[PDB]
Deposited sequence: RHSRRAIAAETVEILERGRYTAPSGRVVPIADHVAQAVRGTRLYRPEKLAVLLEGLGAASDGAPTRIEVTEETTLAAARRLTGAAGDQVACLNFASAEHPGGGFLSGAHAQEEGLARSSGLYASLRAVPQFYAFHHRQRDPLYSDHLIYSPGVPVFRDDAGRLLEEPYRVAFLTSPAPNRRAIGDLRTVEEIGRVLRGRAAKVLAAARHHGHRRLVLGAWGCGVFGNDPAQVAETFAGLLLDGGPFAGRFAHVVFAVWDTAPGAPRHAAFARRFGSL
């Protein structure tokens, strides 16, 4: 936790100073790209996403979200979109406290926090709502510079990705007070809106994963099935993306989140 906390603090300083020093000694400017990402950040309310809905190579890997994004970005020039497994309540989750989860890693490694911290309406809505289902609100963050690898090392050459920030329902907090089918409907509606936003913004290649299946305690078979219904068997997004990677990095024994996605896809 202490090493992650230190890295998080360094990233915040970097975003303030607008440059960082790579291991070679190269000083890398990022202010322009960060400012662009912030200025282009958009909050989508549920009903706007619903409007977007009125209008493929599939891989499962043990990659982190960022490792998959970096691989895809090196292979072609079209900007990749990545799903941020978001906190409903804090931009970048607990990254500044040294918390260890997917969003926190994104926030330690990129300009994502500068984008999300600029959308207080998203977080205020959920704070007032006080409901663990959260909502279909989504933050779209274009061209966010990514400048660390999985180990926290600064990159000689940063790359840019779009992020889609949407919180999965906190099934852990809900317990058995909603049915499997109710949660499935919430997941399907929300995932459809994530995909609609990605497509709306011209992203043909996506990095998805075990959304909500860690701290939020969702069932990875159900989350994998949710994406499958949308992307496969003549679903609404079948054939609409060029490349979808389910990058599932699961350090628990048996890597069960990854196993569930591998089984389905």
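**Student:** What portions of the deposited sequence, indexed from 1, have no corresponding C-alpha atom in the structure?
**Tutor:** Model skips 56-64, 275-277 of the deposited chain.
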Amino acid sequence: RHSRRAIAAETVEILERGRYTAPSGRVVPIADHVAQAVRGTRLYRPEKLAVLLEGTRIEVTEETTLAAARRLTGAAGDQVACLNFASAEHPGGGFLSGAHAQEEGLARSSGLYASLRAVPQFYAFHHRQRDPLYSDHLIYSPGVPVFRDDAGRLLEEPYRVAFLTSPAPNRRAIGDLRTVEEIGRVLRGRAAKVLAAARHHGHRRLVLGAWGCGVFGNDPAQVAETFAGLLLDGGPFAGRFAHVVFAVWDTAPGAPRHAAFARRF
From here on, numbers count along this sequence of modelled residues.
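**Student:** Report the stretch with the higher mean CA temperature factor, choosing between 28-36 and 203-211 on the basis of the entry.
**Tutor:** Mean B over CA atoms: larger for 28-36.
**Student:** So, looking at the entry's B-factor column for Cα atoms, which has the higher mean, 190-198 or 154-162?
**Tutor:** Result of the comparison: 154-162.
**Student:** Return the residue from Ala99, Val146, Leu83, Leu138 that has the highest Cα B-factor in the entry.
**Tutor:** Comparing C-alpha B-factors across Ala99, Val146, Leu83, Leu138, the top value belongs to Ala99.
**Student:** State the tercile, meaning the lowest, middle or highest third, of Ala75 with respect to the CA B-factors recorded for its chain.
**Tutor:** It falls in the top third of the chain.
**Student:** Tell me, lowest, middle or highest third: where does the Cα B factor of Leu53 rank within its chain?
**Tutor:** It belongs to the highest third of the chain when residues are ordered by C-alpha B-factor.
**Student:** Rank-wise, by C-alpha B-factor, drop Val248 into the lowest, middle or highest third of its chain.
**Tutor:** For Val248, whose C-alpha B-factor we compare with every modelled residue in the chain, the answer is the lowest third.
**Student:** Splitting the chain's C-alpha B-factors into thirds, which one does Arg42 fall into?
**Tutor:** Lowest third, going by the recorded CA B-factors of the chain.
**Student:** Hey, what third does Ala68 fall into on Cα B-factor, ranked over its chain?
**Tutor:** It falls in the bottom third of the chain.
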